[PDB]
Amino acid sequence: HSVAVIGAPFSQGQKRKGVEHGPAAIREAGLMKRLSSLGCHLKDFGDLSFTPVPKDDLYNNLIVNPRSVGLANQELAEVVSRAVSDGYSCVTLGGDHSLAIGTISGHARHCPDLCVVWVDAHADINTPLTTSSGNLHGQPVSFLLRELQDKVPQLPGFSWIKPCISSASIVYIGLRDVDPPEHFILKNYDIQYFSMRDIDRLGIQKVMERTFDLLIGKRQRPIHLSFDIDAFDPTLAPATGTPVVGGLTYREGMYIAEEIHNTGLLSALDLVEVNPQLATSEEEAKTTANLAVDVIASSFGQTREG
Amino acid sequence: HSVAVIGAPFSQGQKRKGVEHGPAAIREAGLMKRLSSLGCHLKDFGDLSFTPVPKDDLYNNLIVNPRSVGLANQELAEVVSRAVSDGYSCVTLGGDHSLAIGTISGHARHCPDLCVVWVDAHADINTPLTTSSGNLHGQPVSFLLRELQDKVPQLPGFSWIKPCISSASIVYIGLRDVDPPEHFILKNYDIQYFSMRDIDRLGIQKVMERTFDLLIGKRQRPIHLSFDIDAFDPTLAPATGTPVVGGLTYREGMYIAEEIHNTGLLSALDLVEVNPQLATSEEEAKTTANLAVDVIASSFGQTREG
Amino acid sequence: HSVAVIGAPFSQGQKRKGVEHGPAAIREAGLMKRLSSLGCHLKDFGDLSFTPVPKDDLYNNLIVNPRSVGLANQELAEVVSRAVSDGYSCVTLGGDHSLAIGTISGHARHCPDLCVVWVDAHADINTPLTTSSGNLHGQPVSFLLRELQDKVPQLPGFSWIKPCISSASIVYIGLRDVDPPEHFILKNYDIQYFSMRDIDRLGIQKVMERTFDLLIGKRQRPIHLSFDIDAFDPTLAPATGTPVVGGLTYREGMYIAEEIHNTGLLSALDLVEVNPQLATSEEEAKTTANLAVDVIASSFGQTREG
Ligand SMILES: N[C@](CCCC[B-](O)(O)O)(CCN1CCC(O)CC1)C(=O)O
Ligand SMILES: N[C@](CCCC[B-](O)(O)O)(CCN1CCC(O)CC1)C(=O)O
Ligand SMILES: N[C@](CCCC[B-](O)(O)O)(CCN1CCC(O)CC1)C(=O)O
Ligand SMILES: [Mn+2]
Ligand SMILES: [Mn+2]
Ligand SMILES: [Mn+2]
Ligand SMILES: [Mn+2]
Ligand SMILES: [Mn+2]
Ligand SMILES: [Mn+2]
């Protein structure tokens, strides 16, 4: 059992400074030792340095840093593809969530039947035509879903991307802040999700049962876990750019990670949006980073019963 | 869909200064825009100024401000009655919970088959003969329930009140601090309630299902939601006069409000007992008021999924 | 209905100073008045002073204060036995969890068919051959279980102890920090437990149902509740020596206690590991002690509905 750890310090998917220090904060919270102790063989790729693009002007006077996000994702995809081909489960540390464009593309390159569990307060499925922010970290899923491509225009620096998964192959968990055009998209393409409300109704156990039945109920598939730290309640994960009240509890987050581990199918994991600079204190930053480590470790077999 | 907003800054239902600033606090937290965004057509009656009563002596050397509370409610009932008769769902902002005497009386004046969902840490059903505090905010249900009336003496300033709710038409959610004579009343009159213990057992989904079966299971009825902010855990709503540990989570409160909205029957709502002065800090005051706005917005259609 | 309250200010079952002040903190938080209010007839034994042992050297260069813990427990067992024989339900305030060796031995002396509910973040079932800390508060169950006696060496000061519980007669609730030898022990002897994970899945109501089915499903037995304050999440019980994130909520703790009371079979209760010195503020110390009084009171009949 081998795990590749990749630092992807990207910030250009949004506008708030500091998310680029996420990977370092997560490492400092003891990630590598935690994974080693579970018996993971580790390759640390370090923090990547992405090639910048000069004069990376607004696309359509709205989408910010499109070429930089495109190129950095192209490079990240390469590293992820290569690491999966060498037999590593891939852990990518963010960084803002636009890097899932790169990790999922790289992952799907030779694992085209992968499925995605997207744990997040947000759906991240705005297209360039629906986003009201221009921030690519709120759009990553739109570039990945094949049913959507007639609705997704061609961004400078994005041409290397080819929609790799079907809308039946991603399930959301934790939703609570969804833009109206994203609601439309989720309903219109019948994309399955479990909002905080569904968790309130069903309980996290049934949510995971139904998630897996939908994705791997009839066949084994490599799992991509894309975990936005803002899925957790802001009291637990304050150091993040877009906190939304009413999130997952600590126990809920661990249970999700546990069930991910229990499938035996986890092939890649994104842990994104930890921004240590947004914490009002050092303790707030460290608790967020510690929580990130707990998720990753539980995803690779750390249990609550020894 | 039309909504009337009425500020009722009453404090004389109890002894702690500051609850009369509840309405201003809730408005400052952005109530009106939130309602507008949902598509509510809004009529703001502003904050009412209630007529004072000279020489409003204790009743029976115990009950404080009887005539002031009586008259203020009479005046409040008039405003509520008029707004509901003009087609408005009526939102009343408190103020202590004694104002439910006026809002429920006024609501019933136009919609006599109304039922009541009472969300509260407390039962508020003491009578003038059982109260150990003398505070009218802990007695309002006693003046409203038909079955209790031969046990409720006539208070100065209360003679205009016609008890308008049968004991089978009110359901409590959130109970955890109930005086022994209130417990006797609840059992003797077979009044239904879901205490925090019941919520622990059933979960909030089943609690709402059963609440609606009891109230509107046989026929459609207009719903009065009387929501005491102290129903929420003190950690979430610190700025209130009688906090009690072990209350509703944020998610539970939202789920209650959502199910209220989903019936299509909400006709009036009280949001009471927000006291900004009892906050330890301005942060605690704003989070309590923000929570109040979330309850109201959710009750009129705000969802956690877009 | 008679309750004996025994202060057991012991600290030598572990290495952190201050847990010996647990009983006083709990008394200061109003324990006696709370029990009286429920109709408990009270005998206060005050805080016991345990006989010290000179030159109490490490056993096997690892196990700390063995003779001191052995002797204090022998003395405590005598007091508990006498109180139980005199017809008292026995409340023992700690002090570290090694005192359960004494309370359970004393209790079993007159009620040999007793069963045990162990509420705790930890399993406390290391033996002198498996412990990595050397701290006896993490081993008390090992001295009590009949099935383990062939794997438990004889310690100085421990010779009076006669294992009195079968492995089918103890249930754990709340586990989340279990050493690998303890996990082996639990599975190997088929000791039943409900980890935090089980609680996330089942809900606390189902957990208590199954707990009682296992222990008293066939016959009525006197119940010993051994409650380590660290079962609660550290946000609620911060003043304790070995806190572990992701614990019981307030409501879960009350629910557990309420069910214990509802059996009518509660015969003895330990409330251990309150260490007021580990609080970073007096408020933190007080809320922990307040929480301890809530558990005890609820175990003897305090309700959330009056
Ligand atoms: N839907 C958002 C989501 C941002 C969070 C991205 B993440 O990776 O962290 O989940 C936010 C849209 N929102 C619309 C209302 C405005 O007031 C603020 C931006 C967007 O920018 O598209
Ligand atoms: N039962 C109470 C209710 C207070 C809360 C009113 B509300 O609108 O906020 O729900 C409190 C009675 N309690 C009796 C014990 C005394 O120590 C304190 C007051 C009362 O004053 O009648
Ligand atoms: N298993 C522990 C239990 C301590 C808590 C006892 B209690 O009464 O409070 O439940 C802890 C073992 N742990 C092993 C890893 C070390 O780094 C820390 C101690 C032990 O010391 O044996
Ligand atoms: Mn995201
Ligand atoms: Mn997000
Ligand atoms: Mn109340
Ligand atoms: Mn009230
Ligand atoms: Mn213990
Ligand atoms: Mn413990």
# chains A, B, ... in the order shown; residues from 1 in each chain; ligands from 1
$ interface_residues --of "chain A" --to "chain C" --cutoff "10 Å" --atoms "only C-alpha atoms" --output "PDB file with N, CA, C and O atoms, in the first residue's frame"
ATOM      1  N   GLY A 203     -29.357  10.529   8.485  1.00  0.00           N
ATOM      2  CA  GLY A 203     -28.194  10.145   9.260  1.00  0.00           C
ATOM      3  C   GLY A 203     -27.022   9.836   8.336  1.00  0.00           C
ATOM      4  O   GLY A 203     -27.205   9.359   7.209  1.00  0.00           O
ATOM      5  N   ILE A 204     -25.811  10.109   8.805  1.00  0.00           N
ATOM      6  CA  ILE A 204     -24.628   9.920   7.976  1.00  0.00           C
ATOM      7  C   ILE A 204     -24.403   8.453   7.550  1.00  0.00           C
ATOM      8  O   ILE A 204     -23.843   8.206   6.484  1.00  0.00           O
ATOM      9  N   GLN A 205     -24.856   7.483   8.345  1.00  0.00           N
ATOM     10  CA  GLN A 205     -24.702   6.074   7.955  1.00  0.00           C
ATOM     11  C   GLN A 205     -25.467   5.715   6.667  1.00  0.00           C
ATOM     12  O   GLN A 205     -24.901   5.126   5.740  1.00  0.00           O
ATOM     13  N   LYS A 206     -26.750   6.055   6.619  1.00  0.00           N
ATOM     14  CA  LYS A 206     -27.553   5.790   5.428  1.00  0.00           C
ATOM     15  C   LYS A 206     -27.081   6.600   4.234  1.00  0.00           C
ATOM     16  O   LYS A 206     -27.173   6.140   3.087  1.00  0.00           O
ATOM     17  N   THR A 249     -20.567  17.655  11.479  1.00  0.00           N
ATOM     18  CA  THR A 249     -19.859  17.559  12.754  1.00  0.00           C
ATOM     19  C   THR A 249     -18.528  16.814  12.542  1.00  0.00           C
ATOM     20  O   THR A 249     -18.284  16.212  11.485  1.00  0.00           O
ATOM     21  N   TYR A 250     -17.673  16.861  13.554  1.00  0.00           N
ATOM     22  CA  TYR A 250     -16.418  16.133  13.539  1.00  0.00           C
ATOM     23  C   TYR A 250     -16.673  14.645  13.291  1.00  0.00           C
ATOM     24  O   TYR A 250     -16.053  14.020  12.424  1.00  0.00           O
ATOM     25  N   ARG A 251     -17.587  14.081  14.065  1.00  0.00           N
ATOM     26  CA  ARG A 251     -17.910  12.671  13.947  1.00  0.00           C
ATOM     27  C   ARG A 251     -18.450  12.319  12.553  1.00  0.00           C
ATOM     28  O   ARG A 251     -18.107  11.270  12.002  1.00  0.00           O
ATOM     29  N   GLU A 252     -19.281  13.194  11.984  1.00  0.00           N
ATOM     30  CA  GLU A 252     -19.798  12.952  10.643  1.00  0.00           C
ATOM     31  C   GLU A 252     -18.649  12.874   9.624  1.00  0.00           C
ATOM     32  O   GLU A 252     -18.591  11.947   8.819  1.00  0.00           O
ATOM     33  N   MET A 254     -15.485  12.119  10.148  1.00  0.00           N
ATOM     34  CA  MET A 254     -14.730  10.889  10.367  1.00  0.00           C
ATOM     35  C   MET A 254     -15.483   9.683   9.797  1.00  0.00           C
ATOM     36  O   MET A 254     -14.882   8.774   9.207  1.00  0.00           O
ATOM     37  N   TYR A 255     -16.796   9.669   9.979  1.00  0.00           N
ATOM     38  CA  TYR A 255     -17.581   8.534   9.520  1.00  0.00           C
ATOM     39  C   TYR A 255     -17.528   8.422   7.993  1.00  0.00           C
ATOM     40  O   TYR A 255     -17.353   7.327   7.447  1.00  0.00           O
ATOM     41  N   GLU A 258     -14.120   7.087   7.172  1.00  0.00           N
ATOM     42  CA  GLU A 258     -14.089   5.675   7.533  1.00  0.00           C
ATOM     43  C   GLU A 258     -14.742   4.791   6.467  1.00  0.00           C
ATOM     44  O   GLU A 258     -14.186   3.747   6.086  1.00  0.00           O
ATOM     45  N   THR A 303      -8.773   4.268  12.599  1.00  0.00           N
ATOM     46  CA  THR A 303     -10.081   3.949  13.156  1.00  0.00           C
ATOM     47  C   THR A 303     -10.261   4.595  14.527  1.00  0.00           C
ATOM     48  O   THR A 303      -9.315   5.109  15.111  1.00  0.00           O
ATOM     49  N   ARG A 304     -11.487   4.566  15.032  1.00  0.00           N
ATOM     50  CA  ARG A 304     -11.766   5.073  16.354  1.00  0.00           C
ATOM     51  C   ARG A 304     -11.895   3.938  17.365  1.00  0.00           C
ATOM     52  O   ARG A 304     -12.435   4.129  18.438  1.00  0.00           O
ATOM     53  N   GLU A 305     -11.404   2.749  17.042  1.00  0.00           N
ATOM     54  CA  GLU A 305     -11.513   1.668  18.019  1.00  0.00           C
ATOM     55  C   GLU A 305     -10.267   0.812  18.151  1.00  0.00           C
ATOM     56  O   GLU A 305     -10.300  -0.245  18.788  1.00  0.00           O
ATOM     57  N   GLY A 306      -9.175   1.275  17.543  1.00  0.00           N
ATOM     58  CA  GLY A 306      -7.881   0.639  17.715  1.00  0.00           C
ATOM     59  C   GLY A 306      -7.591  -0.549  16.810  1.00  0.00           C
ATOM     60  O   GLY A 306      -8.277  -0.824  15.812  1.00  0.00           O
TER      61      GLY A 306
END
$ residues_near_ligand --ligand "ligand 5" --cutoff "9 Å" --atoms "only C-alpha atoms and all ligand atoms" --output "list in words"
residues 97, 119, 120, 121, 122, 123, 124, 137, 138, 175, 177, 227, 228, 229, 230, 231, 240, 241, 242, 243, 244, 272 and 273 of chain A
$ write_last_selection --atoms "N, CA, C and O atoms" --output "compact mmCIF listing (two decimals), in the first residue's frame"
# COMPACT_ATOMS: atom_id res chain seq x y z
N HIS A 97 -10.01 24.82 -4.51
CA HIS A 97 -10.63 23.64 -5.10
C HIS A 97 -10.58 23.54 -6.64
O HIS A 97 -10.98 22.52 -7.21
N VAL A 119 -17.23 16.13 -1.17
CA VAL A 119 -17.68 16.53 0.17
C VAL A 119 -17.41 18.02 0.35
O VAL A 119 -16.26 18.46 0.29
N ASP A 120 -18.46 18.81 0.55
CA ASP A 120 -18.37 20.25 0.34
C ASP A 120 -19.66 20.92 0.80
O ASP A 120 -20.73 20.33 0.71
N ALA A 121 -19.57 22.16 1.29
CA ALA A 121 -20.74 23.01 1.51
C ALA A 121 -21.38 23.44 0.18
O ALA A 121 -22.57 23.78 0.15
N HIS A 122 -20.57 23.43 -0.88
CA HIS A 122 -20.92 23.98 -2.19
C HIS A 122 -20.87 22.92 -3.29
O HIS A 122 -20.19 21.91 -3.16
N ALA A 123 -21.56 23.18 -4.40
CA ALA A 123 -21.63 22.20 -5.48
C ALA A 123 -20.48 22.35 -6.50
O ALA A 123 -20.16 21.41 -7.22
N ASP A 124 -19.88 23.55 -6.54
CA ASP A 124 -18.71 23.84 -7.37
C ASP A 124 -18.98 23.53 -8.84
O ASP A 124 -18.09 23.11 -9.58
N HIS A 137 -12.65 28.19 -8.59
CA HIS A 137 -12.81 27.15 -7.56
C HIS A 137 -14.29 26.84 -7.30
O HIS A 137 -14.61 25.87 -6.62
N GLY A 138 -15.17 27.67 -7.86
CA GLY A 138 -16.60 27.44 -7.76
C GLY A 138 -17.16 26.86 -9.05
O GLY A 138 -18.37 26.70 -9.21
N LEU A 175 -23.86 19.59 1.08
CA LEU A 175 -24.31 20.82 0.43
C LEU A 175 -25.19 21.68 1.32
O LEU A 175 -26.06 21.16 2.03
N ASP A 177 -24.89 25.65 0.51
CA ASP A 177 -24.78 26.98 -0.09
C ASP A 177 -24.68 26.77 -1.61
O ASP A 177 -23.59 26.62 -2.17
N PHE A 227 -12.43 16.45 -1.06
CA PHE A 227 -12.93 16.89 0.24
C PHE A 227 -12.54 18.34 0.48
O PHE A 227 -11.36 18.67 0.66
N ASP A 228 -13.54 19.22 0.45
CA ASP A 228 -13.36 20.63 0.75
C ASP A 228 -13.54 20.78 2.25
O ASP A 228 -14.58 20.40 2.79
N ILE A 229 -12.53 21.32 2.93
CA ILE A 229 -12.57 21.48 4.38
C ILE A 229 -13.82 22.27 4.82
O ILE A 229 -14.34 22.06 5.91
N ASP A 230 -14.34 23.15 3.95
CA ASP A 230 -15.53 23.92 4.32
C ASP A 230 -16.82 23.09 4.41
O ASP A 230 -17.89 23.63 4.70
N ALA A 231 -16.73 21.79 4.18
CA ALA A 231 -17.86 20.92 4.45
C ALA A 231 -18.14 20.90 5.96
O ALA A 231 -19.29 20.81 6.38
N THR A 240 -10.76 28.94 6.47
CA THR A 240 -11.16 28.62 5.12
C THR A 240 -11.86 29.83 4.51
O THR A 240 -12.41 30.66 5.23
N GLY A 241 -11.83 29.94 3.19
CA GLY A 241 -12.28 31.14 2.51
C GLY A 241 -13.78 31.39 2.40
O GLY A 241 -14.23 32.54 2.33
N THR A 242 -14.57 30.33 2.38
CA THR A 242 -16.01 30.48 2.21
C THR A 242 -16.77 29.64 3.25
O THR A 242 -17.46 28.67 2.91
N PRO A 243 -16.65 30.03 4.53
CA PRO A 243 -17.33 29.24 5.56
C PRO A 243 -18.83 29.43 5.47
O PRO A 243 -19.30 30.53 5.16
N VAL A 244 -19.58 28.35 5.70
CA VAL A 244 -21.03 28.40 5.76
C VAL A 244 -21.52 27.67 7.01
O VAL A 244 -21.17 26.50 7.27
N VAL A 272 -8.72 20.21 0.19
CA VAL A 272 -8.54 21.57 -0.29
C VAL A 272 -9.14 22.65 0.61
O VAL A 272 -9.96 22.36 1.50
N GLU A 273 -8.72 23.89 0.34
CA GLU A 273 -9.31 25.12 0.90
C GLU A 273 -8.92 25.46 2.35
O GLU A 273 -9.44 26.42 2.93
$ residues_around --residues "residue 290 of chain C" --least-positions-apart "3" --cutoff "10 Å" --atoms "only C-alpha atoms" --output "PyMOL selection string"
chain C and resi 25-31+236-237+284-287+293-295
$ closest_residue --among "A:13, A:70, A:264, A:238" --to "residue 221 of chain A" --atoms "only C-alpha atoms"
A:264
$ closest_residue --among "A:260, A:6, A:265, A:168" --to "residue 94 of chain A" --atoms "only C-alpha atoms"
A:6
$ residues_around --residues "residue 9 of chain B" --least-positions-apart "3" --cutoff "9 Å" --atoms "only C-alpha atoms" --output "list in words"
residues 19, 20, 21, 22, 23, 24, 47, 48, 49, 50, 93, 94, 95 and 96 of chain B
$ residues_around --residues "residue 86 of chain B" --least-positions-apart "4" --cutoff "12 Å" --atoms "only C-alpha atoms" --output "PyMOL selection string"
chain B and resi 1-4+43+79-82+90+107+110+267
$ select_by_dssp --residues "segment 66-170 of chain A" --states "strand (DSSP E or B)" --output "list in words"
residues 89, 90, 91, 92, 93, 115, 116, 117, 118, 119, 145, 165 and 170 of chain A
$ closest_residue --among "C:73, C:91, C:282, C:126" --to "residue 106 of chain C" --atoms "only C-alpha atoms"
C:73
